[PDB]
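2 protein chains.
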Amino acid sequence: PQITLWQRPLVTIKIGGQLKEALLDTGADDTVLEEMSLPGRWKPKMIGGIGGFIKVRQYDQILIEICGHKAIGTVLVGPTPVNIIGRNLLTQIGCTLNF
Amino acid sequence: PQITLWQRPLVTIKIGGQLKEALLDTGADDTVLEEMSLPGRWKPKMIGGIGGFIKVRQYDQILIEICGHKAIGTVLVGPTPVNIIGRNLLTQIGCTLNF
Ligand SMILES: COc1ccc(S(=O)(=O)N(CC(C)C)C[C@@H](O)[C@H](Cc2ccc(F)cc2)NC(=O)O[C@H]2CCO[C@H]3OCC[C@H]32)cc1
């Protein structure tokens, strides 16, 4: 699909058997999801944004279906205010910016 | 231009007579620039991101040339770690997401 930006670019994702809404975020290097139950091992990490830093759990090789496109990669889980699909996954679904 | 997302989508902007680099950020509602000297009057504001909130100065009706495209609108100035072009200006230069 082609998505204009008059509204937030939200998509429906399926991850860990659950359905969520997430922002397609070209400004985010990594993918960061609100607290949720994800299976398996993880490593603690700290990531920085506009207001400071948050502690997240880093999960590798996680499968996500983003608007019907499958991708596998790192997903950070923690106290983000919004679910964010970052560039590590946007590249896998072939997402580009155009103007 | 079409921009893929294997690297940060940075562009050159001209604002208030100065040249800067800024991130095209579909995840950002508003445009937020690192501390810089802008001429006009302003209004204090607070904005929230992944790690909390920052205090910014709001400047309205600011002209920005973004990769050679002109736009006029609200620019926030304050302690953001990176210059962000948000959707309020991305729409004016016709920027879209495609996958
Ligand atoms: C290494 O991996 C990372 C992955 C993500 C982030 S990051 O902090 O999330 N960030 C990076 C920016 C600062 C370069 C992505 C950005 O898109 C963010 C995404 C987001 C959206 C909504 C939120 F509530 C919180 C975060 N935008 C945002 O801070 O927005 C503020 C200001 C603009 O205007 C408004 O827009 C919405 C809120 C206001 C860092 C590292």
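Top line first, the protein sequences correspond to chains A and B.
Throughout, this note's numbering is defined as the position within the first sequence, counted from one, plus 1.
Throughout, this note's numbering is defined as the position within the second sequence, counted from one, plus 1.
For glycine and all other residues, C-beta sits at the position ideal for the given N, C-alpha and C.
Quick one: does the C-beta of residue 17/B sit closer than 8 Å to a heavy atom of ligand 1?
Against the second sequence, residue 17/B aligns to sequence position 16. For ligand 1, not one heavy atom lies less than 8 Å from the Cβ of residue 17/B.
What is the DSSP secondary structure of residue 90/B, reduced to helix, strand or coil?
Residue 90/B sits at position 89 when you count from the first residue of the second sequence. Here residue 90/B carries a helix assignment [DSSP, helix/strand/coil].
DSSP puts residue 3/A in a beta bridge; with which residues?
The residue given as residue 3/A occupies position 2 in the first sequence. Answer by DSSP bridge pairing, in chain order: 99/B.
Taking a contact to mean a Cβ-Cβ separation below 9 Å, would you say residue 83/A touches residue 32/A in this structure?
In the first sequence, residue 83/A corresponds to position 82, counting from 1. In the first sequence, residue 32/A corresponds to position 31, counting from 1. No; because the gap between Cβ atoms is not below 9 Å, this pair is not in contact.
Could you name the residues of the same chain whose beta carbon sits closer than 8 Å to that of residue 36/B, not counting the 5 residues immediately before and after it, in chain order?
Translated into positions along the second sequence, residue 36/B becomes position 35. Once the five neighbours on either side are set aside, the close Cβ partners of residue 36/B are 78, 79 and 80.
In whole angstroms, what is the alpha-carbon distance linking residue 42/B and residue 64/B?
Start at 1 with the first residue of the second sequence, and residue 42/B comes out as number 41. Start at 1 with the first residue of the second sequence, and residue 64/B comes out as number 63. So the alpha carbons of these two residues sit roughly 14 Å apart.
May I ask you to report which of helix, strand or coil DSSP gives residue 63/B?
Taking the second sequence and counting its residues from 1, the one referred to as residue 63/B is at position 62. Correct three-state label for residue 63/B: strand.
With a threshold of 8 Å (Cβ to nearest heavy atom), would residue 50/B be considered close to ligand 1?
In the second sequence, counting from the first residue as 1, residue 50/B sits at position 49. Checking the Cβ of residue 50/B against ligand 1 gives yes.
Classify residue 5/B as buried or exposed, calling it buried when 16 or more other Cβ atoms lie within 10 Å of its own Cβ.
Working through the second sequence from its first residue, we reach residue 5/B at position 4. The residue is exposed, with fewer than 16 neighbouring Cβ atoms inside 10 Å.
So, does the segment 88-100 of chain A touch the segment 38-57 of chain B, judging by three or more C-beta pairs under 8 Å?
no
In this structure, what does DSSP give as the bridge partners for residue 22/A?
Taking the first sequence and counting its residues from 1, the one referred to as residue 22/A is at position 21. Residue 22/A is bridged by DSSP to 13/A.
What residues in the segment 25-37 of chain B bring their beta carbon closer than 8 Å to a beta carbon of chain A?
25, 26, 27, 28, 29, 30 and 33
Taking residue 73/A as part of the beta strand (DSSP E), name the residues at either end of that continuous run.
The residue given as residue 73/A occupies position 72 in the first sequence. Note, residue 73/A: beta strand (DSSP E), 70-78.
Taking a Cβ distance cut-off of 8 Å, strictly less, list which residues of the segment 36-52 of chain A are near chain B, in chain order.
48, 49, 50, 51 and 52
Please name the residue or residues paired with residue 32/B in a DSSP beta bridge.
Walking along the second sequence from the start, residue 32/B turns up at place 31. Answer by DSSP bridge pairing, in chain order: 76/B.
Pull the bridge partners of residue 57/A from the DSSP assignment, please.
By one-based count along the first sequence, residue 57/A stands at place 56. Paired residue(s): 46/A.
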